[PDB]
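What follows is a set of notes on a single structure, which appears directly below.
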Amino acid sequence: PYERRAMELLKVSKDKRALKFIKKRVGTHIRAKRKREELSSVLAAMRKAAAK
Amino acid sequence: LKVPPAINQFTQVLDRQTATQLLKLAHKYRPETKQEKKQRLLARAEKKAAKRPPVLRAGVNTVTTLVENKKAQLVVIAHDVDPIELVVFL
Amino acid sequence: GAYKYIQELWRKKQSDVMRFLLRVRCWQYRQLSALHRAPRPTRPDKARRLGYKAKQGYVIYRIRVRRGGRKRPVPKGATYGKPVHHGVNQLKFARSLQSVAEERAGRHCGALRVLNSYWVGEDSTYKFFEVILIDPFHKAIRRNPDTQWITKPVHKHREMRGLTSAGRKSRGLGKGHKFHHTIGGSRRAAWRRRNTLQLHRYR
Amino acid sequence: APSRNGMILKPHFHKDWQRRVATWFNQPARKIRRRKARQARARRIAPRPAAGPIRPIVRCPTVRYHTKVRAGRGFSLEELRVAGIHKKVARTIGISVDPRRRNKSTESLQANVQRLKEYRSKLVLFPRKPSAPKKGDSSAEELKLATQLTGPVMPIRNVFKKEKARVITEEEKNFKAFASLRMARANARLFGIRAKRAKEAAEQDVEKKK
Amino acid sequence: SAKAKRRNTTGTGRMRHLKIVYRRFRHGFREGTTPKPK
RNA sequence: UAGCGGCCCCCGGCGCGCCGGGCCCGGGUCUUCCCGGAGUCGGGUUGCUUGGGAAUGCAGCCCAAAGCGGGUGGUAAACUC
RNA sequence: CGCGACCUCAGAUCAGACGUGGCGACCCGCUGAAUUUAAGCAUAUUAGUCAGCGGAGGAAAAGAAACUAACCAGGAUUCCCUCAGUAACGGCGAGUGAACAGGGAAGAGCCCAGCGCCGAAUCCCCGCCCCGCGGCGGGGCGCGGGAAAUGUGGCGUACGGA
Ligand SMILES: [Mg+2]
Ligand SMILES: [Mg+2]
Ligand SMILES: [Mg+2]
Ligand SMILES: [Mg+2]
Ligand SMILES: [Mg+2]
Ligand SMILES: [Mg+2]
Ligand SMILES: [Mg+2]
Ligand SMILES: [Mg+2]
Ligand SMILES: [Mg+2]
Ligand SMILES: [Mg+2]
Ligand SMILES: [Mg+2]
Ligand SMILES: [Mg+2]
Ligand SMILES: [Mg+2]
Ligand SMILES: [Mg+2]
Ligand SMILES: [Mg+2]
Ligand SMILES: [Mg+2]
Ligand SMILES: [Mg+2]
Ligand SMILES: [Mg+2]
Ligand SMILES: [Mg+2]
Ligand SMILES: [Mg+2]
Ligand SMILES: [Mg+2]
Ligand SMILES: [Mg+2]
């Protein structure tokens, strides 16, 4: 559920508070960062499926 | 409770008439009983003195490995196993 | 192999599906009695990783543990003494609840012999566990040389001496700069060695 | 209650110390029970080396001690692999092993190889079954001469090379040690900032120029 | 009460089995045989 | 009492000759594939303890992960090798 | 409805087995004080100590690196000497207080799961027959009976391996 909600933040383009939210729950900066990039790429997959 | 679809799917089961045909098929390719095993090895001992046909393949780990191997054409499953996590993904 | 699938699945504990299954188990067990024998393992993976072997002489006991801390066992407040040791309510017991469960099962089933344990579920009030026990006299075990080390009489009541996965952690043993107090056998023997005078013959 | 003068000092005799005193009247008997067990072991494993297997040369760590040499745990996996020995057999004839060790230095690896070669030469190996000697075995004279080796087998002696009386050039006369030292410490210290001021000056110069 | 301990311990009474176990151990728990008669 | 002094019993100890069974395993070379243990790490927070001081260890609650990843590198942090 | 597979749970003076208490000098895991010191006392100290509870052996526990280092590098554990009354902690007062490197005693290393190959190639018990039987075993024979695909055995485990 938190991953879904942070995704909805990436949709509404609030990348800093989304990061804040993840860092608040999980703790460190690196883990939060690598998790964020993964979620951006799966949203890219949605961009691909809407494209083709 | 609100049951998620990945479990609900087991309620859709195979019909009686087609299922009987399936069992009709396995009845031909049954694996060998123990007593016949001693007699076949005894006859094989006679063969020693003087190719297996296809059969069923059992066990989840077997099934899945040789699914990755893309050999099996047909996979039958049982609906009522007690911890479902075993089969869900398959 | 399916087991690897099973593993990452049970790691996906937050997922809605796993949540549902654990939720049903926790209800079910809450309605059952607080200690009883399961006929087959709930987690086949955890058992195989830990040592379980589908053979005769292996039993699995489910146990319900009450949660929370340790208030001091004393009548009113009245802890007679100094304001340092007045503390009492928000105090925490040194060992886990998991080792507590193991302890209770081992004491009840004295003849048996405790291998290891794993987690299954939890409410607010309760945790739940699955303790793996063994019969040390069935010949399936005696004759198999890998396992006949448990039959030896040293390992009676391991959980009581803290040699189970939980008991090792309370001992505070480890390698390196973070685990100096235990150098030697244990925390106790360290203190003995540092606080003994060796009065020699010759001095 | 201190009178005029002393070392101020903090003795630790507040704990109940008179309880835990270890007296050492054991000692002589302990020495004997060791000595007896050692003689009985050597009597048991009669011709094998008493000390145990040979152990390799190793450099000491820490700037203080790194001139010395010790015995190690066992011969490395590369020293064995290179000498051409299956490690388990190497295990069986009394050669110390440890796998975990790395081997960065070439002189160490290579000298340990030399040391094993001398050992492998001297070794007087007996048959499994006496009736049929094999290819990889010793001669009858060698079996006759076999006898225990007392003390540590192949002792580690720290040799020093002798340098004859050289003639000094005037160049050697000129070289300035002290200045080179203080200079090099300074460049190492300041190394990072030279690059930081350089990047800032080049970056500002390029934006200002272009 | 260490004195209370000493009032009641093993040495005190018979030890009618336990004293002879020490004797059986002295000869390695030999069993069932006898010596040769004359 | 001394003495590589004697005699008599029991038990063990290393050796040798033979029977009835099991085990039929290796050393290198080149080519193609394979490889890891979750309510656990980690974080916030509370209380005890330790020489460990922006928390050495342990536990309780709550949160809750990764896979060219992770931990450690004795002053917190971001970047970096 | 009745009959039959399984699943889950009971009862049996069922056939065969095991636990239950003692001793507690030495050992292991918990819980856990105050006298007292500071010229007073309240944090510290006394002290993870006496006292309480449980469990063991002739020894126990420990143990083969989620290591030390930061040098041209060392290499499981345990114990002795030294590092040391040091770095550090503390109404910075009273006092408390380690480790690594170095020389020695002894010196031994290993095993699963998984990932995968192999007609489950595995196991226990009964019955019958032969030998032997004061540490209840070796062998042969049963459309004798169960366990086991919710995974038994062989190879093999991070030092790579097939
Ligand atoms: Mg405590
Ligand atoms: Mg004076
Ligand atoms: Mg010796
Ligand atoms: Mg005499
Ligand atoms: Mg303290
Ligand atoms: Mg913990
Ligand atoms: Mg530091
Ligand atoms: Mg009975
Ligand atoms: Mg007792
Ligand atoms: Mg006072
Ligand atoms: Mg006074
Ligand atoms: Mg006073
Ligand atoms: Mg204290
Ligand atoms: Mg203290
Ligand atoms: Mg005993
Ligand atoms: Mg032990
Ligand atoms: Mg241990
Ligand atoms: Mg270990
Ligand atoms: Mg060190
Ligand atoms: Mg092994
Ligand atoms: Mg094995
Ligand atoms: Mg396995």
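Numbering starts at 1 and runs along the chain as it is shown here.
Per deposition record, electron microscopy, 4.1 Å.
The backbone N, Cα and C atoms fix where each Cβ goes, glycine too.
According to Swiss-Prot, the N-myristoyl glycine annotation covers C:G1, on the basis of similarity to another entry. Sequence annotations record features per position, and here Swiss-Prot assigns phosphoserine to C:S33, C:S96, C:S99 based on similarity to another entry. What Swiss-Prot lists as SUMO2 cross-link is C:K82. What Swiss-Prot records for C:164-185 is region 'Disordered'. Annotation comment: Swiss-Prot describes C:168-181 as compositional bias 'Basic residues'.
Checking each of the recorded positions C:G1, C:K82, C:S96, C:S99 against C:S33 (phosphoserine) by C-alpha distance, the shortest gap belongs to C:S99. Around C:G1 (N-myristoyl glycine), a 10 Å sphere centred on its CB holds 12 further CB atoms from the protein chains shown.
Cβ neighbours within 10 Å of the residue listed as 'SUMO2 cross-link', excluding its own Cβ and spanning all shown chains: 7.
Between C:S96 (phosphoserine) and the residue listed as 'SUMO2 cross-link', the C-alpha separation comes to 29 Å. C:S99 (phosphoserine) sits 32 Å from C:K82 (SUMO2 cross-link), taking the CA atoms of both as reference points. Taking every protein chain shown into account, C:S96, C:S99 are the modified residues, and of these the Cβ with the most other Cβ atoms within 10 Å belongs to C:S99.
Chain B comes within the C-beta cut-off of under 8 angstroms for the following of the recorded positions C:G1, C:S33, C:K82, C:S96, C:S99: C:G1.
For the compositional bias 'Basic residues' (C:168-181), the DSSP counts in helix, strand and coil order read 6 helix, 0 strand, 8 coil.
Other Cβ atoms within 10 Å of the Cβ of C:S33 (phosphoserine) number 8 in total over all chains.
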